[PDB]
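Single chain ahead, written as structure tokens, the form deposited in one PDB entry.
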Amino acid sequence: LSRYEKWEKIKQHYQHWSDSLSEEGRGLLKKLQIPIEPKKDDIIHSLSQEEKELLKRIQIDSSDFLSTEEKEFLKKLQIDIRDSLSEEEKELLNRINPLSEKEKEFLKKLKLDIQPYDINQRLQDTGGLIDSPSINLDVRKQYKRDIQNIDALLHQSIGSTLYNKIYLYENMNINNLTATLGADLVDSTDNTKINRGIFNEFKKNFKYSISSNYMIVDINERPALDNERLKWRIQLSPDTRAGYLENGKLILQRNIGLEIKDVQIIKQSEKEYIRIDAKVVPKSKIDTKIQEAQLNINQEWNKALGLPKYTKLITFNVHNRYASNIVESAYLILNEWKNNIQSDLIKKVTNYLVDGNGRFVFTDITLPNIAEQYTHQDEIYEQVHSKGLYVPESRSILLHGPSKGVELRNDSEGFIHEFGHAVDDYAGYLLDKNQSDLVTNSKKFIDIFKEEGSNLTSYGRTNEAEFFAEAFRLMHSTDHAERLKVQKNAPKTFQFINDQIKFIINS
């Protein structure tokens, strides 16, 4: 119909609901839409002199564990600290390796103090598993209270009359689904264009989507802003619960499923966009598809690996908006793995992982919210969110779809790095089954690393375990030039690793 008539019709549908809201209810919906940011003045006031100085001249970008946002906040802090020096000083202080331990340990605790109070982010990061011990207990309980109260606010459905008469819209950054394919879904040559090849891939793997937080959608399609190249057009179901927000928006109930009906490249004002047509379905319907896929991928890989038929090895921990791609990519990642690694190394190491009740966890929630990590890591400041992780205590590999890794081409290479950690673990075990340690903790590898540790990737300089893993990754790259660079620039490492590989296969 008319944009303005549509708006007024939906507003009227929710008018009694709106008028019945308490001040407390309104305050909650506003806090949901506008997270409470940390006040940087209080943060800085809480630091010691040595800490201000440390923060002042610190190489911030170089973290294993700090998001783009968190990195941006901390430099907002850094400036404020340095906004009292010479104009010459600040000019010098940013023309200038990896992080020191004193720096890293500082940042690991400072991380806990710069988190906004952001209900929708908590829901997305945990995939709705809000009891996950990844934040302070008192704050965790606050989120829970707010979330339950919002759930109780959103009781009125869009209804049987309006649901098939309206579309709702959501503009979205490509990077919010996966930070990888974001940079390469837009044509590098002409930014007004979509990369057709990539797009076809994206399209083929995007069949369903979960919202574990509360979607805020526009009643009328809004022109794209910067980094808004996805334009969702959504059709609700009759019993989808929602609330009217000022300025022609709806907040949708959390835990809904979306079936992707169509993905097209479209033109709006001389730029190409990606239209995504989606229909709201019950979340349980999608969870069913995920569980079925989980069964299928384990059945297939249990066969190919010589494991018992009902080994629980592969876990899909999937709860967010790029859901089906997480499932689809797990298949690809494991194919790359078997393709680029000797089948006897795979089988020996994996059987060891399985012996410890280990998992390959493919997920779209942050890794601190994965049990295979947090059950062994009680201290939040020691919890890690990243593209990938190996956890020896649970013998598990964790791989987070939406993020991008430090100097990493794709997810498959990330996985092979983690498998490298696992090889490190198993070799060390075979050495001394009693006092079971990592082979990169041996005196031999320590000395090899003291000599060759700077010769491979920048990230590899971190420590022995990472050096090994990076070396192991590069040695099993599909690009054979990368393999040779390892033999060339770090010969003892190359030899050491092949030794461990031989040693494992013959055990």
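All residue numbers refer to positions in the sequence shown, first residue = 1. We call the rigid core whatever largest set of C-alpha positions still superposes within 1.5 Å between the two forms.
- Figure legend: residue 122 is marked as modelled in all of the other comparable entries of the protein, none of which omit it, let alone a third.
- In at least a third of the other compared PDB entries of this protein that cover both flanking sides, residue 82 is left without coordinates.
- The deposited sequence places 4 to 9 unmodelled residues between residue 96 and residue 97.
- In this entry, 58-66 shows the higher mean Cα temperature factor of the pair 457-465 and 58-66.
- Taking the PDB entry as given, 334-342 carries the higher mean Cα B factor of the two stretches 334-342 and 360-368.
- Residue set 231, 421, 303, 141: peak C-alpha B-factor at 303 (per PDB entry).
- Comparing C-alpha B-factors across 350, 121, 192, 209 in the deposited entry, the largest value falls on 192.
- Annotation for residue 44: CA B-factor lies in the highest third of the chain's modelled residues.
- Split the chain's modelled residues into thirds by C-alpha temperature factor. Residue 31 is in the lowest one.
- Among all modelled residues in this chain, the alpha-carbon of residue 310 has a temperature factor (C-alpha) in the highest third.
- The entry lists a Cα temperature factor for residue 187 that places it in the highest third of the chain's modelled residues.
- Ranked by C-alpha B-factor against the other modelled residues of its chain, residue 197 falls in the highest third.
We do not show the form deposited in another entry, though everything after this point is about it.
- When the two forms are overlaid on the rigid core, CA displacement between the shown form and the other one of 2 Å or more is confined, within 462, 457, 442, 62, to 62.
- Residue displacement note: residue 76 has its CA displaced by at least 2 Å between the shown form and the other one (rigid core superposed).
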